[PDB]
Each structure stands twice: as C-alpha cells, then as structure tokens.
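Trainee: With the input below, show me the fold.
(2 chains)
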Protein chains: 2
Amino acid sequence: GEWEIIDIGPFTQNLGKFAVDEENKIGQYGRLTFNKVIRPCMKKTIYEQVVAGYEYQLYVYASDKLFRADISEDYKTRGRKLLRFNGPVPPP
Amino acid sequence: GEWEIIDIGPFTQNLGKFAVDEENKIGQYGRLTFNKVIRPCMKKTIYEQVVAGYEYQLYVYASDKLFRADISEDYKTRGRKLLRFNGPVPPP
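Mentor: Residues are numbered from 1 along each chain as shown, chains lettered A, B, ... in the order given. Let me share the structure:
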C-alpha cells in the first residue's frame, strides 16, 4: 500500500489507548497503564484495485476513407463515448 | 497492465460501428458507412484504487515500558483490531 507519517495528536493517542486495552485483555504482559504515544507513527493505506473502464484507439474505414477514432467504455454500465474522430488519416 | 494490442474482429468491429454511428450524429464528415476496423487496435485499461482499510504502527509507552503496537482499521466498518504488541523495544 501507501505509507505516511501522522502526528501524535488525540486520534493517535487513542490508538495507543486501544492497543493497551486489548493487550490487557490477553493478560500475558501484566497490567499495563497507558502513558503516551511518541513519534514516529506510521499509517498505511490498504487498497483494492478494480476496473473503472477501458479506452480504445481505432483505425476505422468508412465510405472508403480511413479515420482515427477514440472510444471509452464504462465497466459497470457498458456505456460507450466517442472522444475523437479525425480523418482522413494515412494508413499505419 | 495499461496499454495493449487487442485483436481485430467481432468485438472490435462493433466498436467501429459505434464510432461511425456517433460521428454520423455530428455530421462534420457527412453520412459515413462503416467498412471495417484494421490493425493496430489499442486497448487501455483504467483502474480504480478503492480503500480496503488502514494499518497503524505505533510506539506506545505503558507502565514506563515502550512497546510497538500494530493495529488495523476497516474502511467500511471503522472497527479497530490489534494485530501485534511486542516490547519493550529500544526508542527511535
């Protein structure tokens, strides 16, 4: 994922109070009393990659002339859109 | 994967019909007639990064000892969970 440093404000402090509370439930370290959280605190963002859509670069012949088309497609709705249409273009 | 050559043929031809159909609505090239789509055809996949959750690495003091806590948070439920809790560790 992506990593970033956050500071030691009340949100970060309560993250430390969470960890000490859960550890005291397990009971392997003995009764711990939360003191403070110090720098550096690291926050990692976990992502899932998913397809938003597609794009296409076409060479299409129409009425015996050759054009360049640029189409986009949405993954979920399957709806298309024509972005560009230039011609006549020389063959590739 | 970002950019790729896709083959021509049935799915590609229907993209060529769409581009001509859309362009016939504008009319700057006049009434066209779809002929065929030729090589090379490019496909560009567009991905979307959605957040699955977060993870925090902390340096926590408790009962005058310094521990390293790894806690996790969900993006949808916002629920916290302690993954690891080791110590004492040397300070940064």
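
Trainee: domains in chain A, as residue ranges please.
Mentor: For chain A, curated CATH domains gives the domain ranges A:1-46, A:47-92.

Trainee: Just send those domains back as TSV, with mean neighbour count and distance to chain B too.
Mentor: C-beta coordinates here come from the backbone N, C-alpha and C atoms, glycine included. As requested, these are exported to TSV (neighbours: other CB atoms under 10 Å in any protein chain shown; distance: least, CB to the nearest CB, whole Å):
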stretch	mean neighbour count	distance to chain B
domain A:1-46	15	4
domain A:47-92	15	4
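
Trainee: which one of those lies closest to residue B:89?
Mentor: domain A:1-46 (11.4 Å; CB to CB).

Trainee: gap between the two ends of the closest one?
Mentor: 5 Å (CA to CA, to the nearest Å).

Trainee: Also compute the angle for the longest strand along chain A relative to strand B:34-62, please.
Mentor: In terms of residue count, the longest strand belonging to chain A (DSSP state E) is strand A:34-62. Angle, strand A:34-62 to strand B:34-62, by axes from the mean of the first three to the mean of the last three CA atoms, to 10 degrees: 170 degrees.

Trainee: for strand A:34-62, packing partners?
Mentor: The helices and strands touching strand A:34-62, judged by 3 or more CB pairs under 8 Å, 6 or more residues apart in numbering or on different chains; DSSP states H and E, are strand A:2-6, helix A:10-26, strand A:65-74, helix B:10-26, strand B:34-62.

Trainee: gap between the longest one and the chain center?
Mentor: Centroid displacement of strand B:34-62 relative to its chain, using CA atoms, centre = their mean, to the nearest Å, is 2 Å.

Trainee: likewise stretch A:47-65?
Mentor: Here stretch A:47-65 is found 22 Å from its chain centre; the criterion is CA atoms, centre = their mean.

Trainee: Please write out the alpha-carbon positions of it in CSV.
Mentor: Only the C-alpha atoms of stretch A:47-65 are listed here, as CSV (Å, rounded to 0.1, in the frame of the first residue of the first chain):
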residue,chain,number,x,y,z
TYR,A,47,-6.1,-0.7,-1.5
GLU,A,48,-8.0,-3.0,-3.8
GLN,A,49,-7.6,-2.3,-7.5
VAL,A,50,-10.8,-2.5,-9.5
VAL,A,51,-11.6,-1.8,-13.2
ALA,A,52,-13.2,1.6,-13.8
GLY,A,53,-13.4,1.3,-17.6
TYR,A,54,-11.4,1.0,-20.8
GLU,A,55,-10.2,3.1,-23.7
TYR,A,56,-9.7,2.2,-27.4
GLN,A,57,-7.7,3.7,-30.3
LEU,A,58,-9.2,2.6,-33.6
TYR,A,59,-8.3,2.8,-37.2
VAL,A,60,-11.7,2.5,-39.0
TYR,A,61,-12.5,2.7,-42.7
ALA,A,62,-15.8,4.5,-43.6
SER,A,63,-17.1,5.4,-47.0
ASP,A,64,-13.7,4.2,-48.4
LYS,A,65,-11.8,6.8,-46.2
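
Trainee: All set now, cheers.
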